[PDB]
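Chemist: Next input, structure requested:
(4 chains)
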Amino acid sequence: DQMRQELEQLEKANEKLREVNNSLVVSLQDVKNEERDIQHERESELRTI
Amino acid sequence: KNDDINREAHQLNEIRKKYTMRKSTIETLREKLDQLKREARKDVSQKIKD
Amino acid sequence: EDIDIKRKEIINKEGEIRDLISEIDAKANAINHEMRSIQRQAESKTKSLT
Amino acid sequence: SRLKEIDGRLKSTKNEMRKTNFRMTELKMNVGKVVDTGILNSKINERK
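Modeler: Numbers count the residues shown, from 1 in each chain, chains lettered A, B, ... in the order given. Structure as follows:
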């Protein structure tokens, strides 16, 4: 009984963690895009100076 | 799907286990009848002697 | 033995499940890189032509 | 550092999902077990 209930709530939590992991991956790639553009701007500043 | 077929096979196996336990129950029935017949003969002998 | 068979089947199945999750996450990262690249180069082409 | 934190919570989510996998393995372990309610049902019928 407790174990069927656990599998149900576990399916729910597995879906939830799936969406939050997708959001995490999107955030991580956005952060690395920020890093690459920041370093490109730094390279431009270095080449100009 | 293979897992589901395996589960069906194990359900058939559990049915076979239920059949074997049915045989165990009829063994319990036979031993119950043995004890009842022993107590019945003992009590009827006691009543006749009294 | 059939119990052990379904146990090995489930450990395998979870193995492919986690491997497929990793692969689809990697391909999601790849498609995000592709879409950012295509939008950047499309913007550059629009700036050039227009 | 933020990326390291999100990677750590990714590790936590992977541990959680693998625990769910262990628990469903337990689930079909207990699916394939013998049940001894036949004596109970027969005895209830006898009592009735």
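Chemist: nearest residue to the residue nearest the centre of chain B other than its sequence neighbours?
Modeler: In chain B, the residue lying closest to the centroid (Cα atoms, centre = their mean) is residue B:25, at 1.1 Å. Computed as Cβ to Cβ, 6 or more residues apart in numbering or on different chains, the closest residue to residue B:25 that is not its neighbour in sequence is residue D:42, at 5.4 Å. Where you see a C-beta, it was placed from the backbone N, CA and C, and this is true even at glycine.
Chemist: Check residue D:26 too.
Modeler: Spatially, and ignoring its direct neighbours in sequence, residue D:26 is nearest to residue A:3 (7.1 Å; Cβ to Cβ, 6+ apart).
Chemist: my read: the one you found touches residue D:28, true?
Modeler: No - using Cβ atoms under 8 Å, residue A:3 is not in contact with residue D:28, being 10.8 Å away.
Chemist: Compare those two (neighbour count), which wins?
Modeler: Legend: neighbour count by other Cβ atoms under 10 Å in any protein chain shown for residue A:3 and residue D:28, higher for residue D:28 (17 against 13).
Chemist: quick one: what helix or strand has the more buried one in it?
Modeler: Assigned by DSSP states H and E, residue D:28 belongs to helix D:2-31.
Chemist: cool, and residue B:12?
Modeler: Counting by DSSP H and E, residue B:12 is part of helix B:2-49.
Chemist: number of nearby residues for residue 34?
Modeler: You didn't say which chain, so I picked chain A. Neighbours of residue A:34 using other Cβ under 10 Å come to 10.
Chemist: meant chain C actually
Modeler: 10.
Chemist: and the single nearest residue of chain C relative to chain A, how far is that from chain D?
Modeler: As assessed by Cβ to the nearest Cβ, chain A sits closest to residue C:32 within chain C, at 5.2 Å. Residue C:32 sits at a distance of 15 Å from chain D (criterion: Cβ to the nearest Cβ, to the nearest Å).
Chemist: ok, now which ones touch that residue?
Modeler: By Cβ atoms under 8 Å, 6 or more residues apart in numbering or on different chains, residue C:32 lies in contact with A:26, A:29.
Chemist: Swap in 10 Å and give it another go.
Modeler: Shown in contact with residue C:32 (Cβ atoms under 10 Å, 6 or more residues apart in numbering or on different chains): A:25, A:26, A:28, A:29, A:30, A:33.
Chemist: Fine, thanks again, bye for now.
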